[PDB]
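Below, in structure tokens: the form deposited in one PDB entry, a single chain.
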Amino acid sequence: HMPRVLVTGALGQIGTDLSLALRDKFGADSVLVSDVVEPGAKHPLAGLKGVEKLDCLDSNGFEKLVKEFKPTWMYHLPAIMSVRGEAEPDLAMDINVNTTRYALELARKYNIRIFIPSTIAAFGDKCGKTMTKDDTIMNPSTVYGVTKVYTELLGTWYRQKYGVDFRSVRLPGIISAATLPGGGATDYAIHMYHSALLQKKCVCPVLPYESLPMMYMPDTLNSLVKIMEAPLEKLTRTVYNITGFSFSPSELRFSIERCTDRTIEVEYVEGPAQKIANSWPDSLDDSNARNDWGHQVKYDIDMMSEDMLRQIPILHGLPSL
């Protein structure tokens, strides 16, 4: 049978495109998408059935929703990310720790296959910055990263103790056109496309040769589905690195200027994103993911930049050609 899929924190950058892909793939009646906020008037999930409000900090309301829908899969997405978590750490520790605790308990009690994403932010400067391994020293420099190490370890314990089918990937920076990003260090990339279409100066808070692992949303969606469709027997671990390709702001800029045939104005003025990003790996080793469940990546930076420069005007109404 097709799965019944619950998405929590579903209205954000990842949730928006994942929810659309799941409804398309499995049918709208087999998918329940939820978030603590309502879709805004321009949000692609506005006016649709199967969209609920849920604050995942309310464990009793989380249970009620799970009881009623009876999911077989859950993608638990709420988290406060790197830059915002440094400014709002008490909020990051509440959401990132307690919502995860609650989601895992419900996966236990209701026999749900549960995906909680981790992040390159779980790594710090001791990880081995080149082709970082799946198992290595983790010394995250942000409270977000600290909370995502805890997530990985706590999920893994739920699998060992109770047999909860917990699965996770360490996502790189995710690029998409649909929903603006939620305040991480990689957010500059999305913002540089908007500046280029508006012909405005881009003030980039990440320095020009700071390379980071990144991935374009279509590849991300294929992997998020693939890892959840895999039989449990095929998975040799609970947490996998995945990457798309790495780039620096200067490489992103060169790619956009190739597509628009048009020089863009960028000022590099260091923001908190920089020192955060500088502590992250430059690239990841994702061989285990490729071997166990078939992770792959089809987009390169120029393909991405062609697609983003097309989609942003369509979805957000900015000047195109």
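Note that the rigid core is defined as the largest set of C-alphas that superpose within 1.5 Å between two forms. Start at 1 with the first residue shown and count on from there.
- Comparing 10-18 with 309-317, the higher mean C-alpha B-factor in the PDB entry belongs to 309-317.
- Of the two segments, 26-34 and 39-47, the one listed with the higher mean B-factor is 39-47 (C-alpha atoms only).
- Reading the B-factor column for the CA atoms of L180, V169, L207, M93 in the entry, the top value corresponds to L180.
- Out of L106, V143, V164, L198, it is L198 whose C-alpha atom has the highest B-factor in the PDB entry.
- Among the modelled residues of its chain, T72 has a C-alpha B-factor that falls in the lowest third according to the deposited record.
- When the CA B factors of the chain's modelled residues are split into thirds, the value for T132 lands in the highest one.
- Among all modelled residues in this chain, the alpha-carbon of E86 has a temperature factor (C-alpha) in the middle third.
- Compared with the other modelled residues of the chain, the Cα B-factor recorded for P218 ranks in the middle third.
- In the PDB entry, a CA B factor belonging to the highest third of its chain's modelled residues is recorded for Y268.
In what follows, reference is made to the form deposited in another entry, a form of this protein that is not presented.
- For the listed set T147, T100, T132, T179, the sole C-alpha moving 2 Å or more between the shown form and the other one on a rigid core superposition is that of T179.
- After superposition on the rigid core, the Cα atom of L54 is displaced by less than 2 Å between the shown form and the other one.
- A movement of the C-alpha atom of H194 reaching 2 angstroms or beyond is seen between the shown form and the other one when the two forms are aligned on their rigid core.
- Core-aligned CA deviation for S30 between the shown form and the other one: less than 2 Å.
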